[PDB]
């Protein structure tokens, strides 16, 4: 019940006391571990609010103080009255920073305290949402000196007036199924690209077309907006040794900005809460470029490298994979766009884990997600035992809006 995690590369042992404060369920039981599964009223609300305010006033060292008890009473009064409540700006910032702090699948959490929170709870329309998102994108991009940010739209009320960004990420490339049978652009976005066209978009039908925003305010039908191209910082991908690499015609965008998750703070649900940081190189070079269900460029790159692709045991995929990821990192660094390699990021996370175990009693972590998708065991996180549990405030998945929208 007071659990130990061992690093097998260093024999360092950490004692986890923080998991005792876990709340939500993992999907695992004593009989079955679901560690690798991707997606496992007034009465409920005040306990949730109390739990959150308790940790908030603890964190400002005012637990049990007059202002603590007064705030508890005031929120208790507001819930009994209005059946919901509103967060103080200070509680919103704390809650968002801690939702990131608690994201067990996120390797970049050493940065959790340096998050810019943009309060958009006064937003009422999709044009207003667009304005807030443009400002977010511009602030976060910062001419390539990327800065972590989240923009928080009004919280769910009766579930009929939900704010939603229909895009999975603020910036993503379109996908189109060809008549010739293959897929042009990003195959992961084929369905969303269709819903954009099915709603009015004029697709360039290119290979790297930045999708438009599909913004839903107050439960209304979503609306299309093109992000000003001058706000979308892209990096052409070249290799520091292979001159032919540029001819592949590859590029990626600088800003990873997740926009389809649900932020839960003190029982309140923020269905529209796009957040952004900066890329770890493998997200682009390993997953975006080399997944078979994505841009799937391994064969082409290996061909240009003249590797023996007859036998898998030549490890031509592995060689091509390394070179692609060298190019991504080289390209972003050359254009002075913030990026972190998986070696630096995972070393940071170990440092962060040691920091969290010391100053917080633990750090929930999902090994399946934390270990990078290449070169796993030469990064320190591979040898790090991790305890996965759900702390709140939290980011949660939610259904895709088109499956839900009472049209």
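Under this definition, the rigid core comprises the largest set of C-alpha atoms superposing within 1.5 Å between the forms. Positions refer to the first chain, counted from 1.
When the other structures are laid on the shown form by the rigid core, the stretch among 151 to 159 and 237 to 245 with the greater C-alpha deviation in 7 other deposited structures of this protein turns out to be 151 to 159.
Put simply, when the other structures in 7 other deposited structures of this protein are lined up on the rigid core, the C-alpha atoms of 180 to 188 lie farther off than those of the other stretch, from 291 to 299 and 180 to 188.
Per the record, residue 64 and residue 65 follow each other directly, and no deposited residue is missing between them. On average the C-alpha atoms of 217 to 225 have higher B-factors than those of the other stretch, with 217 to 225 and 168 to 176 being the two compared. Relative to one another, 196 to 204 and 106 to 114 have unequal mean CA B-factors, and 196 to 204 is the one with the higher figure. Highest C-alpha temperature factor among 241, 136, 101, 287, as the PDB entry reports it: 241. Among 127, 88, 71, 143, the highest C-alpha B-factor in the deposited entry belongs to 71.
Ranked by C-alpha B-factor against the other modelled residues of its chain, residue 157 falls in the highest third. Residue 21: CA B factor lies in the highest third for its chain, per the PDB record.
When the modelled residues of the chain are ordered by their C-alpha B factor, residue 187 lands in the middle third.
The entry lists a Cα temperature factor for residue 52 that places it in the middle third of the chain's modelled residues. Among the modelled residues of the chain, residue 15 sits in the highest third by CA temperature factor in this PDB entry.
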